[PDB]
Amino acid sequence: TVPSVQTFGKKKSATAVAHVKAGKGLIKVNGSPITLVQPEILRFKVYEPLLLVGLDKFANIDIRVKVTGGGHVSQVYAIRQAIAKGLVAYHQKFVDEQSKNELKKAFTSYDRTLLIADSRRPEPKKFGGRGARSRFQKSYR
Amino acid sequence: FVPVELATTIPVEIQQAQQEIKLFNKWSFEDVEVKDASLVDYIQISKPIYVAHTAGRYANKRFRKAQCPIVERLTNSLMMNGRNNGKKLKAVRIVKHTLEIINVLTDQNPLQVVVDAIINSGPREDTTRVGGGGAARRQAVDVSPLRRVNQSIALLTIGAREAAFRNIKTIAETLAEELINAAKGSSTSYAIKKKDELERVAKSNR
Amino acid sequence: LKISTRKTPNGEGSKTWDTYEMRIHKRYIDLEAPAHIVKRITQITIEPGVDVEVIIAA
Amino acid sequence: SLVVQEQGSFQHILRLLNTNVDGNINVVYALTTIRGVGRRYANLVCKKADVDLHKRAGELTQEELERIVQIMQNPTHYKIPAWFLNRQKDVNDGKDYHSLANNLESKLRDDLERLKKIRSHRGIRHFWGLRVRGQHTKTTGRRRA
Amino acid sequence: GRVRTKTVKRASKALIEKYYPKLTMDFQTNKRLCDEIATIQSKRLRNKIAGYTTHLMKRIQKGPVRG
Amino acid sequence: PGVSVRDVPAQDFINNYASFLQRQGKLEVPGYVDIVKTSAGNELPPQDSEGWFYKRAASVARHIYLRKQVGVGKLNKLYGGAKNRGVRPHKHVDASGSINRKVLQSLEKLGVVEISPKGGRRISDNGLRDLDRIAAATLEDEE
Amino acid sequence: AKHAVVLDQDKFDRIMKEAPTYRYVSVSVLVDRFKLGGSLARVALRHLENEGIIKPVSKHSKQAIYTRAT
Amino acid sequence: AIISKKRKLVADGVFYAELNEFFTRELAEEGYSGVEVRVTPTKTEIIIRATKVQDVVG
Amino acid sequence: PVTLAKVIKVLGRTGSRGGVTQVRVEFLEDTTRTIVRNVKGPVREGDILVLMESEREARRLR
RNA sequence: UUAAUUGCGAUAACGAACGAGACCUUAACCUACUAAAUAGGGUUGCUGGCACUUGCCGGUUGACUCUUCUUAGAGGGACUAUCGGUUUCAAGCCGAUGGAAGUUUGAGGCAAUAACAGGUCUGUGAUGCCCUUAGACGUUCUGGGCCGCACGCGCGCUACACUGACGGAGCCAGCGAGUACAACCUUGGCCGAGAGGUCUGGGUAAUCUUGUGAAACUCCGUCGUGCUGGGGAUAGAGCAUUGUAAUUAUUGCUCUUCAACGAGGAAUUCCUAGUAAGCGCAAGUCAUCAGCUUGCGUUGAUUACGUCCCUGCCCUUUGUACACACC
RNA sequence: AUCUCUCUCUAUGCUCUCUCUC
Ligand SMILES: [Mg+2]
Ligand SMILES: [Mg+2]
Ligand SMILES: [Mg+2]
Ligand SMILES: [Mg+2]
Ligand SMILES: [Mg+2]
Ligand SMILES: [Mg+2]
Ligand SMILES: [Mg+2]
Ligand SMILES: [Mg+2]
Ligand SMILES: [Mg+2]
Ligand SMILES: [Mg+2]
Ligand SMILES: [Mg+2]
Ligand SMILES: [Mg+2]
């Protein structure tokens, strides 16, 4: 069997997992194409890495992303991240270091996570307030 | 332009030179004309973001707020008042609609129009409650660029909000109209008027 | 195991909460092994605190 | 979807079941103006009649209106069971009724009178002018009469 | 905010005094040395100590230092 | 080269399926079509009189195709939403429990949805074929 | 709006002759320039879009973005 | 017990607490300090700490 | 009338409420002038600052 | 200087001790290690469907192989690192690079001395003392009552609509919690139009409920400036459910009833990033009931990065006819 | 020799008290 690389994508709590193989030109979210994802507006967010790198760099690829958690936007972001990460992983494994560098450069003209996983995770909701930082409502008299 | 052969179905537009030139969801992020001298890294432009929806850190440094795409900032500003806190997708959609409206009416690249509006609304001279004992004394203070830009954006959004409060006019159309008014032509938009009034007030005071 | 409790025993005072928690560790092992000797083995060595439970099935 | 422009055939503002029915409200929502008639049930009535809901208030021909009225006043015959109508089971006949326009209020009044006669708690409350259905008058109901 | 404790500083000083042979500029080697030589209960503290030792060394290789 | 259900857009597909169902004779409708609100967590019944239950059936079929072990309860949970309690904050209330069951029964009668000996309902081979056909039709409509 | 929810023949004619020259066509626009006010405006717009007359820009509902043929 | 592991553990803790309380109440002159509960599947062992051992014994 | 001057150095921050910056403005049209100006909001070095006011200047804000 | 009696340093003080910090707890990073039908893959069987020449999407406890995601355990990781300048060039700080991350990395949890005449004997078998002690203030049973209403405040919720509402149809979460010496969380299949019944099984736990298919959102509609399909209070009438017991609607569900309410005076609270707000959910209470709290998680802004003007606080000096200490 | 330069009303308040053993 042909070697294939596994990658993931994280945002908030949403977990994407991409599987990059050698093949014809697959790009799949769960069991569907990237031409769907969900919100129609945010279809470009998941499509963006492909646009950046060049669609020809996919003429020998197979991509499948299993996504669980988050909401919708977060999920999309995670998928995008996974795809970017998948590509970079593939380059690391099969292609060349200069190519990897180029890819990184292309990504880092934005750096919307892509190659680097996001920090910024939910802060615990404290007592004496409805929010994490938000205090209750001081009554006085 | 240059179809890439895949097993998965990809639209024609994507296949075309959108891979080659990375400008917006089918709009020109070029042109690049700021009417005032410099003003760059305060009004962002340059970086050709596809859709005005980026999750990043733009409060964690002093001026890093500038590196937000102007469209994105507009969307964020629109995202306001109870019924719409969060729901950035909606805001993005509205912005897209606004852009479309701009394209339809008086042609041009809408981004440039937006930029013009931002420039020509925002105030040079502003008022602060300095006090003089806490009383009604306000020295005329000139405004910093980034802050001014932000203020202009806010007032633009405010105008749209005002328009929409019980009306047939959907937010986006109204916003577009007011933006156009702000840019040049009539200057009968709310935001611009407000700004001018503020400027006048500043002038009559020191 | 979280037990959220107001620290105040009377209620008069500010709203102070304490979540008294007990983290409980499971950890299991699967043995594909013989009979009497295995049983003998899976009985000895006891540390204070930890509870060992051996089930059945042949 | 209708491409039909329509000439001078529809007459706005109609006098149906004594209470005035206003113009260009969407049939169901035109009928809602009448007391006893309410949204979902109006819609159901319309469906039973077999008139398309996506029409004007003045649009309705007389026959259709008549049919609707019949459906409203005599509900049981046109497949409308219990979880449906106003006075289910009822206290006076045993049969259930979908009371309308100037009937429901009368019924309510009658009920109140009966309560007063038989000095029940609810009745007493009504007589007073006080809140009945489990409310604390420490804050509730400071608008008065 | 990063102004460090007294104890950490004292430890660093002691290390400088007693182990100027050994310890250079390489933070990771220095860390290891600290772990070996000084008996500290926590990793963060050790790291801090190492950092301060490095700083002190840097100061030294620019002229004699007070204290 | 071909088509499957997952790779074709949601709403369009569903509407196509509904249309197909309408065209077809067999459906076994209840005696209470558009008399129920489809959810007890809903305020007003569906619009445009004819159909809608067809649409729901189609959606159910799609869901079944997607998963493996889906019962009535799960389907009910899937549908409905927030019930306007009015003055009180809206809790999530499931759909009308019997309607989904009826839909499933109808599907069974048609021969598209069967049962698995684990619990719940799964897709039949004929059903799968039908779904594929619908997908193909949708694709044709698109391009 | 003082009623004005009628697909009147004269009104239709007016719409036909006033939707050109103006670049932007919407329900809101129609309401503004005094013809139809509300729900039936949408219907009118839909039935103007069968073949030609006004070209679509919008791929989205609720808000309509339409430009007349040049 | 047959009850859930977590619940069982909680119960054991409670029992321990109870035991401690009892010892504090009863063994005043006996000079009580602390208790430990060791559980083997057949035998339950409690180790009591004290200063006047003879008294504790009887 | 329109004028604009680049900022170069900040002369601290003054105000009863605070926030309002005292800046040293240098004119890009003739660099011979470095004036003490009142600026409201976030401002660094090397920024083009439009001025509706031509000549009037104040230091402390009270 | 620093968030800091945090440092550096000047030094009738020197050496200290609390406190802070460190420390724990988690949240982030570990394609590193140990590992895994109670966590997911991978290939291939076994089949199902459409292309058919390989294929795509699945189902199935078939093997076998691992472990990136899910779990944990040992560990590692950042220490302000690297420069750039500024500062008696010491202490440090702001900017840039690299980094999962440079605000003490975010948030906690423990919190010193000294008190307050703060709070509670209505947590207790923690009690001093006074009282009542047999028609008892003990005790339990029956029934009310704390839920009464001309009013006045305090929390919170729902709204005042188009970014709406109302229909469809997309579809995605994390904390939990749940059976024995009782009557739990409840799936799946038939009843009913809802609620909720009902025979069955699974699950006294990563397995089953539950992927908690959660909302808000997303797309196609319908309605369209109207106290109007916005608002759902108040009223009727009826069907269930919990309970020995629902009237003073327990709650739930169906119905009809459609008021005040056009963004809110003077006032004032809360908040500087996964934060504010929107939106749910679970848990606590619980037989039944959440508008409540307590914890999660979706959606995710705007504007500061500062000053002491108001409100406090900290130390230093100063003046006090004040120590019940400016009340 | 380098300061620079800010600003006004605001009245009153009645409820104790405490040591040890060297
Ligand atoms: Mg340096
Ligand atoms: Mg801390
Ligand atoms: Mg007592
Ligand atoms: Mg007595
Ligand atoms: Mg009470
Ligand atoms: Mg409170
Ligand atoms: Mg409603
Ligand atoms: Mg609402
Ligand atoms: Mg989950
Ligand atoms: Mg109404
Ligand atoms: Mg109660
Ligand atoms: Mg005084």
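About the cut-offs
Residues numbered from 1 in each chain as written, not as in the entry; some residues may be left out. Chains lettered and ligands numbered in written order. Part of a larger assembly, values for the part shown. Heavy atoms only, no water. Near = heavy atom within 4 Å. Polar contact = N/O pair within 3.5 Å; in protein donor to acceptor, adjacent residues only side chain to side chain. Core = buried A, V, L, I, M, F, W, Y, C linked by side-chain atoms within 4.5 Å. Buried < 20%, exposed > 50% of the residue type's maximum accessible area, 1.4 Å probe, protein only. Helix = DSSP H or I, 4+ residues; strand = E, 2+ residues; numbered from the N terminus. Contact = heavy atoms within 4.5 Å. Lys, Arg positive; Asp, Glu negative; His and termini not counted. Salt bridge = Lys/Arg side-chain N within 4 Å of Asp/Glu carboxyl O. Buried area = accessible area lost by both parts, 1.4 Å probe. Nonpolar A, V, L, I, M, F, W, Y, C, P; charged D, E, K, R; others polar. Pairing = 2+ DSSP bridges.

What the entry reports as its method is cryo-EM, with 4.00 Å given for the resolution.

Colleague: Provide a residue-level description of the protein's contact with RNA strand K, including the pertinent values.
Modeller: Close to RNA strand K lie B:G132, B:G133, I:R59 and I:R62. Among the atoms of RNA strand K close to the protein, meaning within 4 Å, 17% are from sugar or phosphate groups. Side-chain polar atom of I:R59 to a base nitrogen of RNA strand K: 3.1 Å apart, as the coordinates give it. Separating a base nitrogen of RNA strand K from a backbone N or O atom of I:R62 is a distance of 3.3 Å.

Colleague: Break down the nonpolar core for me, with residues and values.
Modeller: With 83 residues, the main nonpolar core has A:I63, A:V65 and A:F107 as its most contacted residues. Per-element tally for this core: the top contributor is helix 2 (residues 73-93) of chain A, with 10 residues. In this structure A:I63 touches A:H19, A:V20, A:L26, A:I27, A:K28, A:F58, A:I83 and A:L87, once residues within four positions along its chain are discounted. With 28 residues, the next largest nonpolar core counts F:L27, F:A61, F:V103 and F:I123 among its residues.

Colleague: Give me the side chain of B:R148: which residues, what numbers.
Modeller: Mapped onto the elements, B:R148 comes out in helix 5 (residues 145-164). Among buried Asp, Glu, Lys and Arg side chains, B:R148 stands out as unpaired, with B:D36 the closest opposite charge at 5.2 Å. For B:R148, the contacting residues outside a window of four places in its chain are B:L39, B:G122, B:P123, B:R124, B:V143 and I:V50.

Colleague: Talk me through the interface of chain I and chain B; I want residue IDs and the actual numbers.
Modeller: Listed per partner, the contact involves 24 residues of chain I and 28 residues of chain B. Buried area between chain I and chain B, summed over both chains or domains, comes out near 2,400 Å², and the portion from carbon and sulfur atoms is 55%. Looking at the side of chain I facing chain B, the largest losses of area belong to I:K40, I:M52 and I:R56, adding up to 32% of the total buried there. B:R206 serves as the salt-bridge partner of I:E53, at 3.3 Å between the closest nitrogen and oxygen. For the pair chain I and chain B, the number of links is 12 residue pairs in polar contact. Here the element with the most residues in the side of chain I that touches chain B is strand 4 (residues 48-51) of chain I; it accounts for four residues. Looking at side-chain class alone, the side of chain I that touches chain B contains 12 nonpolar, three polar and nine charged residues. Where strand 2 (residues 140-143) of chain B meets strand 3 (residues 34-40) of chain I, two bridges bridge the pair, whose relative direction is parallel. Within strand 3 of chain I, the position partnered with B:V143 by the bridge is I:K40.

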